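One structure below.
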Amino acid sequence: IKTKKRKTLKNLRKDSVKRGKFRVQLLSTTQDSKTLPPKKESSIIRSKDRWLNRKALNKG
Amino acid sequence: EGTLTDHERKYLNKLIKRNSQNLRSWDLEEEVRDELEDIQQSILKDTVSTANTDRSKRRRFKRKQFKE
Amino acid sequence: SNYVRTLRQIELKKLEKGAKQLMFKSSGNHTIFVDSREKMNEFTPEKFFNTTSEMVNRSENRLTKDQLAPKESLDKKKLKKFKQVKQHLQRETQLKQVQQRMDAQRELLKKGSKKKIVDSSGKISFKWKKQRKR
Amino acid sequence: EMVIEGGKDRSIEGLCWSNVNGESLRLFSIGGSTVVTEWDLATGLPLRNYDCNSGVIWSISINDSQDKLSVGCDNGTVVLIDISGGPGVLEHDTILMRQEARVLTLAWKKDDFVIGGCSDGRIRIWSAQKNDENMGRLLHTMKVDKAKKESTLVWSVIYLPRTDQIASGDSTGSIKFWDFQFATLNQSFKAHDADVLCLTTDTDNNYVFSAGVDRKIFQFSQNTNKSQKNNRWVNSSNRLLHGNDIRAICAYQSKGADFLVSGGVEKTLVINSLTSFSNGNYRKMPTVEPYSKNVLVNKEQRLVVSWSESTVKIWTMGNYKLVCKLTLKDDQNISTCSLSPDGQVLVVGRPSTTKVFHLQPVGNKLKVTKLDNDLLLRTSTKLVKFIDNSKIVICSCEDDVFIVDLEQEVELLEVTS
Amino acid sequence: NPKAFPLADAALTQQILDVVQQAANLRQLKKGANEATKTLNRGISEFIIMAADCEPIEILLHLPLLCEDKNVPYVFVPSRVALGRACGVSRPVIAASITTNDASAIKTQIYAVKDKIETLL
Amino acid sequence: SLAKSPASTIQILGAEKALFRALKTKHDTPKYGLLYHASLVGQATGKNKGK
Amino acid sequence: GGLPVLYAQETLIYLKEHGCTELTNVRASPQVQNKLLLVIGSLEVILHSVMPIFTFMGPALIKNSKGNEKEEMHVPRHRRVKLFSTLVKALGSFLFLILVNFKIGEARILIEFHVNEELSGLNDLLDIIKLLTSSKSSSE
Amino acid sequence: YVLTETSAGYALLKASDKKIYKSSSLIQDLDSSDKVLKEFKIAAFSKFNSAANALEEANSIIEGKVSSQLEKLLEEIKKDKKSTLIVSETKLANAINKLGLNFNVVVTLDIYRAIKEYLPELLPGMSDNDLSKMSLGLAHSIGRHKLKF
Amino acid sequence: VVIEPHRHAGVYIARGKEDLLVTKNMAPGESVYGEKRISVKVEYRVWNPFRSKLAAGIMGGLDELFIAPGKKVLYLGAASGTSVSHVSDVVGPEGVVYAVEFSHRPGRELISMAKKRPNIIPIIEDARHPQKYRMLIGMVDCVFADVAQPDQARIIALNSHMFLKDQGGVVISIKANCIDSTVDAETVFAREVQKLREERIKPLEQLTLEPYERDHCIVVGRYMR
């Protein structure tokens, strides 16, 4: 049930279906995206904290 | 605003079929259209130096690599 | 060389005055904004294309049902025009190669003093001594 | 006096205060993507999420007299935003001269010059000055030394007004003092053994305190007549009172108090003094001080609710028994949570969208069922404390109290100013 | 000159003077304003360096017009005698184009500096 | 529209077909254009008038 | 003015005072008074009949309010009065669509009494119904 | 119960929008912004049009692109200033210069949207094509000469 | 040599022994930029989808593009007066295009073409103070944008809520590099669509128009007040 249920979660939480000619896009909650705004670029912040947790130095 | 479509549906569908055939029978041919599109894409790739833009995106992405 | 670069730009402007009248096909990539899953679970169908399902695979001028309701030599002459443009560009590259060779044969003899420098490829290289030009 | 918590997909890696004298404050935060978020002080919930036009924002600084805001993005850009009126109103007026290294930290001399430590190992300075034909452009580019086989990144840059200096700490530890005019180095100290991340000072620049990821806060002094004639700084004192790292310090002075405060990737918070950094005391704060709740208990079935952000976890008392959890991600950030008397209906909060769940004890565990009151679902909520089992008391962010959940208004009085 | 719009500063002007030095070293640049416009016409020039020091500056600033019409990068350094010594003649030079071949031994730094120019447009 | 021109073209902006035919056959170009009717190049005498 | 704005508020919220108000509308102040007379009619014979001549002599929304009065309105006599009032062609076609006998009689009296024959002969092609144009020409 | 100033072709058009001094500023789109409805609300009051001459066009250009200091604008200012009524001001940069006068000046962007969309139907009475012709004439005449050399 | 109508009257396909795209003429005689005139009697002007940007959007196509031959068009646009000629040729003499450019290096050629073409209204202030060009414009029925200076969405937002009417239409060529290089196409495009729908313009369509020019999409949007 685990694999198929994770794939049904994938089928739920997915925009932009590429069906033939092109793809689509949904939208967002306006008042909620106002009261709890900030999107985080997790790639940039993970590059920052990985360089802070660099390979060379000695953190333990 | 009447939406009869009893025989008018078949009449409009036959009219759309004949009009679409007569319109698309003067545009292009699919036997040499692949060679024509390849020649067009080759001259477009010659006229647009977007490979310089790909090397530009590489040179502007390599500046934020931190040399780790 | 002095004629070779002018005939180069002759057929360059001939190629550009051909390209300003010639039309190229269209690829891009497409995207339609939708709002929710009751409109999304069906992808935007041929009814959202609003047209007959053969005149859908063009990104160019295409009509709807509302506005929608010489044998082969045209396309043969179109391919003649395309081959004319491409042979113009190929002759461009060939004669600009020979023009670059005779450009190097002109600039080889101006002034200075060099020892010869040759690399491992086989085509002769080019390295002089360094000074400001008096 | 306030916790403004956010759910997932967000961070505050930088914030700024603004108080033009005689009007309201406004603090500004940095989301991880290219937005600045001006939060309010009327209720603690943001009135602007301004999109500065470029890059991805790394850090913002405040202009002197709090009028403008320097916004350092990722592609190389530094964008300047003006504040004309105070709350909500934000216009940008100039994008400054563009480079290819990522900007990391900004500071203002006055209303005239901005200084930005970048990600090539260099500290730039731009002139951001109206009434002058030379703005939006960089004046000088000072370079810090690299490593042998490693690209270094200058993290932190501050200004020193009286001794006309800038102090720059980097990813080698090399705290370098540059002079403002002539754009030259003045001193260097490689005393830090890790990446410096933050540093502050006092009013007439008698000291500068630095810290970074060597978990060491240390001092440099310029107090004596010889130091102020020769403009010289000495590595006066050094002090390790931390567990893992520093990622922020700041300092404050008054005639009633003189103290700085530090925090890092460890969740603690420390307080030292400036004039007695080596000399005086040391003040650790606890890791939590729960004016904001996260745990309630209830006597029926002997159990306890503990809510995380966007999350809740309920379990009983034996020994013990784990019962249930609810990671309702449709509730994006959390607020107060409470369970009714006789253990029937629970409310999970959010400052605009609260929810209620009937919890039926089905033996060893609890079965959860939603129930969806609309007025409850769209009212602004801060606290619920449950007189009865059926009805629900509602706190508002508009200073009101409601009674719901059996299918209304409790008015509270006026406020002076 | 307030009308000399893209004018460099120390790091980027040092980089472009280095790359114009290497381009004059292997001799694939052109020296002079009308020769720069010739290269702009025949599409050969990779980019244009000019001198925001010429008196008057309108002897130079015509080639910005057709340069942005033909979307080529174009920069100002603040000294004509400086880029004259860079280009390696003994004269104050007002403008210099840098030509293009793909077999060039300075190709990657040419591309790097032209992306550096286009980052400030 | 002639401000955006190289000075070579302004040397030869009148002797068009002579220039182009002296390119076409591998021969030697003219040196005056329309500019020959200016007073200074009139006052010069020789091929220094071309200079 | 103030009384007409108060009458507009009362319309948002009597025949003798309506006749005095129709006399006052007979006396863009007169345009607002004519629309106020139509509003007093729509919110009733003598004041409305006095308002008919008062609209006969002398905006488009007041023309639509005249259409509202003609809808709210023996009927062949009143349609004869409305057709004699309206017969440019736009108001003629609208007031004829809102006594096809008297409509085509007014049209025939006009076309029997220089370049206005195809105009308002196309009014029949506008108001072409299953019996209107044929019974109208028959009765004219 | 208000008068509004809007510059249209060469003029200062005072349009009389018969509503409250604050509620017409407040609601302003639930006021049913329709042709007949806003036409009956915003009624025509005054139009200080100087001329079709280019000198009057210069006065209009100086009154528009810079703060309002036109003598024709002052003549239109001395035409409803006897009650300190709500005179809805148009420009936002020429608002302090508008306030520097003994008057009561005042989503107002949306009432100007409505005034602009129902101007060429009825509010001066003039023609759609003639208003566009006067506007393109103004643009080709003096906008290019007051920016350019 | 035969002329095909698009959905929008004003854009046609001249196809036959050569196949290409044309428009009408609001000025007879000559191609004002140097293209070929197709003759049918009736004259037709080519416009290159390379040297234009809206023209390649027609090569992209749309469910509803807001340029119609009665629809009054605003054109913030690039400073060149090239494509406004064909927006005029689409809209005909009954509609009207208002082209607003600030840098007067193509302002002079804009004035030059708009003298012989009365369909164009030239506005020569900035693209950021419609409060300054109020009195030359009233209630346009569409806007088009081709601005490259990086506050695209905010400044076409201010223009679109000052001059474009209720339930009108915006159509924008969103650049990638002219606002944000180093970050990819769909990322910066979805960022722009995000701030547009933040400004409650309902987006309908974005597409990148790849082979005509590199990494600049066009987005379109219904307006909602």
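Ordering of the structure tokens sets the chain letters (A, B, ...); residue numbers start at 1 within each chain; ligands are numbered from 1 in the order shown.
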Residue 14 (chain A) surroundings by only C-alpha atoms, 10 Å radius, close-in-sequence under 6 positions cut, as a list in words: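 What passes the distance filter is residues 25 and 26 of chain A; 37 of chain C.
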Helix (DSSP H, G or I) positions in chain B, given as an MDAnalysis selection string: chainID B and resid 8:24 33:47 50:64
What's the 9 Å shell around residue 9 (chain E), counting only C-alpha atoms, without same-chain residues fewer than 6 positions away, as a list in words?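 Returned residues: residues 137, 138, 139, 140 and 141 of chain D; 77 and 78 of chain E.
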Using N, CA and C atoms, can you export the residues from the last selection as a tab-separated table (two decimals), in the first residue's frame?
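Now in result18.tsv:
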```tsv
chain	number	residue	atom	x	y	z
D	137	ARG	N	26.65	53.70	-9.35
D	137	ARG	CA	27.91	53.25	-9.92
D	137	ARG	C	28.89	52.95	-8.81
D	138	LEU	N	29.78	52.01	-9.07
D	138	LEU	CA	30.76	51.67	-8.05
D	138	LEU	C	31.99	52.55	-8.19
D	139	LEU	N	32.52	52.95	-7.04
D	139	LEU	CA	33.71	53.78	-6.98
D	139	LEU	C	34.98	52.96	-6.86
D	140	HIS	N	35.03	52.02	-5.92
D	140	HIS	CA	36.24	51.25	-5.70
D	140	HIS	C	35.92	49.78	-5.46
D	141	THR	N	36.92	48.95	-5.67
D	141	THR	CA	36.80	47.50	-5.55
D	141	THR	C	38.04	47.01	-4.81
E	77	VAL	N	36.19	53.06	-21.64
E	77	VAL	CA	37.27	53.23	-20.67
E	77	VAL	C	37.56	54.72	-20.58
E	78	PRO	N	38.00	55.24	-19.44
E	78	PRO	CA	38.08	56.69	-19.31
E	78	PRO	C	39.35	57.33	-19.86
```
Distance criterion (only C-alpha atoms): nearest to chain A out of D:86, D:351, D:121, D:136: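 Among the listed residues, D:351 lies closest to chain A.
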With only C-alpha atoms as the counted atoms, please give the residues lying no more than 9 Å from residue 94 (chain D), apart from itself and same-chain residues fewer than 5 positions off, as a PyMOL selection string. chain D and resi 78-81+128+135-136
Residues of chain D that approach chain B to 9 Å or less, counting only C-alpha atoms: could you list each one with the shortest pair of atoms and its distance in Å to one decimal, rows by chain and increasing residue number, as CSV?
```
residue,atom,partner,partner_atom,distance
D:75,CA,B:60,CA,8.8
D:100,CA,B:63,CA,7.0
D:101,CA,B:63,CA,6.7
D:102,CA,B:64,CA,7.2
D:119,CA,B:64,CA,7.8
D:120,CA,B:63,CA,8.2
D:149,CA,B:67,CA,8.2
D:150,CA,B:67,CA,6.1
D:151,CA,B:67,CA,5.7
D:152,CA,B:66,CA,7.6
D:153,CA,B:66,CA,8.2
```
Could you list, as a ChimeraX atom specification, every residue within 10 Å of residue 30 (chain G), counting only C-alpha atoms and ignoring same-chain residues fewer than 4 positions away? /G:24-26,34-36,54-55,58
Quick one: residues within 10 Å of residue 29 (chain H), only C-alpha atoms counted, chain neighbours fewer than 5 positions away excluded, as a PyMOL selection string? (chain H and resi 24+34+107+110-111+114) or (chain I and resi 225)
Export of prior selection with N, CA and C atoms as a PDB file, in the first residue's frame:
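And here's out.pdb as it stands now:
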```pdb
ATOM      1  N   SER H  24     -18.234  59.143  -2.718  1.00  0.00           N
ATOM      2  CA  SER H  24     -17.843  58.984  -4.116  1.00  0.00           C
ATOM      3  C   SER H  24     -16.356  58.705  -4.244  1.00  0.00           C
ATOM      4  N   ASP H  34     -21.255  52.503 -15.246  1.00  0.00           N
ATOM      5  CA  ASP H  34     -21.876  52.222 -16.529  1.00  0.00           C
ATOM      6  C   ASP H  34     -22.076  53.532 -17.275  1.00  0.00           C
ATOM      7  N   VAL H 107      -8.252  55.005  -5.764  1.00  0.00           N
ATOM      8  CA  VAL H 107      -9.690  54.831  -5.930  1.00  0.00           C
ATOM      9  C   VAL H 107     -10.274  56.122  -6.532  1.00  0.00           C
ATOM     10  N   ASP H 110      -9.701  55.472  -9.727  1.00  0.00           N
ATOM     11  CA  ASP H 110     -10.791  54.770 -10.395  1.00  0.00           C
ATOM     12  C   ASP H 110     -11.919  55.704 -10.820  1.00  0.00           C
ATOM     13  N   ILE H 111     -12.184  56.782 -10.067  1.00  0.00           N
ATOM     14  CA  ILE H 111     -13.185  57.726 -10.572  1.00  0.00           C
ATOM     15  C   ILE H 111     -12.629  58.488 -11.766  1.00  0.00           C
ATOM     16  N   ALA H 114     -13.273  56.201 -14.641  1.00  0.00           N
ATOM     17  CA  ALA H 114     -14.665  56.297 -15.080  1.00  0.00           C
ATOM     18  C   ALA H 114     -14.918  57.585 -15.862  1.00  0.00           C
TER      19      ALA H 114
ATOM     20  N   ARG I 225     -10.589  44.351 -12.482  1.00  0.00           N
ATOM     21  CA  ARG I 225     -10.503  45.465 -11.546  1.00  0.00           C
ATOM     22  C   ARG I 225     -10.878  45.019 -10.140  1.00  0.00           C
TER      23      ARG I 225
END
```
Which value, in Å to one decimal, gives the distance between CA of residue 15 (chain D) and CA of residue 36 (chain D)?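 Computed distance, CA of residue 15 (chain D) to CA of residue 36 (chain D), equals 9.2 Å.
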Using only C-alpha atoms, find each residue of chain C with at least one atom at most 10 Å away from an atom of chain F; report its shortest atom-to-atom pair and that distance in Å (one decimal), sort the rows by chain and rising residue number, and return the result as JSON lines.
```
{"residue": "C:1", "atom": "CA", "partner": "F:26", "partner_atom": "CA", "distance": 9.3}
{"residue": "C:2", "atom": "CA", "partner": "F:23", "partner_atom": "CA", "distance": 6.9}
{"residue": "C:3", "atom": "CA", "partner": "F:23", "partner_atom": "CA", "distance": 5.1}
{"residue": "C:4", "atom": "CA", "partner": "F:23", "partner_atom": "CA", "distance": 8.8}
{"residue": "C:5", "atom": "CA", "partner": "F:23", "partner_atom": "CA", "distance": 9.7}
{"residue": "C:6", "atom": "CA", "partner": "F:23", "partner_atom": "CA", "distance": 7.4}
{"residue": "C:7", "atom": "CA", "partner": "F:24", "partner_atom": "CA", "distance": 8.2}
```
As an exercise, work out the distance from CA of residue 2 (chain I) to CA of residue 45 (chain I) in Å and give it to one decimal place.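 Those two atoms sit 13.5 Å apart.
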Taking only C-alpha atoms into account, what are the residues of chain B at most 6 Å from chain C, put as an MDAnalysis selection string? chainID B and resid 12 15:16
Please dump the current selection as an mmCIF file, in the first residue's frame; keep N, CA and C atoms.
```
data_model
loop_
_atom_site.group_PDB
_atom_site.id
_atom_site.type_symbol
_atom_site.label_atom_id
_atom_site.label_comp_id
_atom_site.auth_asym_id
_atom_site.auth_seq_id
_atom_site.Cartn_x
_atom_site.Cartn_y
_atom_site.Cartn_z
ATOM 1 N N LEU B 12 -22.417 21.909 -41.551
ATOM 2 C CA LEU B 12 -21.264 22.675 -41.096
ATOM 3 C C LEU B 12 -20.020 21.806 -40.972
ATOM 4 N N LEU B 15 -18.806 21.270 -44.513
ATOM 5 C CA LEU B 15 -18.227 22.536 -44.951
ATOM 6 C C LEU B 15 -16.864 22.778 -44.314
ATOM 7 N N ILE B 16 -16.712 22.423 -43.034
ATOM 8 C CA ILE B 16 -15.428 22.559 -42.355
ATOM 9 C C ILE B 16 -14.410 21.588 -42.934
#
```
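Nearest to residue 8 (chain E) of all the residues E:36, E:52, E:29, E:95 is E:52, counting only C-alpha atoms.
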Need to verify the contact set: residue 91 (chain G), 10 Å, only C-alpha atoms, exclusion of same-chain residues closer than 4 positions in sequence. Can you return it as a list in words? residues 60, 63, 64, 67, 83, 85, 86, 87, 95, 96 and 97 of chain G
The selected residues should be written to file as a PDB file, in the first residue's frame (atoms: C-alpha atoms).
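Okay, this is what ended up in selection_30.pdb:
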```pdb
ATOM      1  CA  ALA G  60     -30.783  58.349 -24.632  1.00  0.00           C
ATOM      2  CA  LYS G  63     -35.474  57.874 -24.406  1.00  0.00           C
ATOM      3  CA  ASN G  64     -35.274  54.433 -22.789  1.00  0.00           C
ATOM      4  CA  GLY G  67     -39.806  53.371 -23.811  1.00  0.00           C
ATOM      5  CA  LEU G  83     -45.789  57.504 -33.804  1.00  0.00           C
ATOM      6  CA  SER G  85     -44.319  62.282 -32.111  1.00  0.00           C
ATOM      7  CA  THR G  86     -41.473  60.068 -33.358  1.00  0.00           C
ATOM      8  CA  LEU G  87     -42.133  60.263 -37.115  1.00  0.00           C
ATOM      9  CA  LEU G  95     -40.752  53.527 -30.486  1.00  0.00           C
ATOM     10  CA  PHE G  96     -42.369  51.395 -33.198  1.00  0.00           C
ATOM     11  CA  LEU G  97     -40.900  48.196 -31.754  1.00  0.00           C
TER      12      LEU G  97
END
```
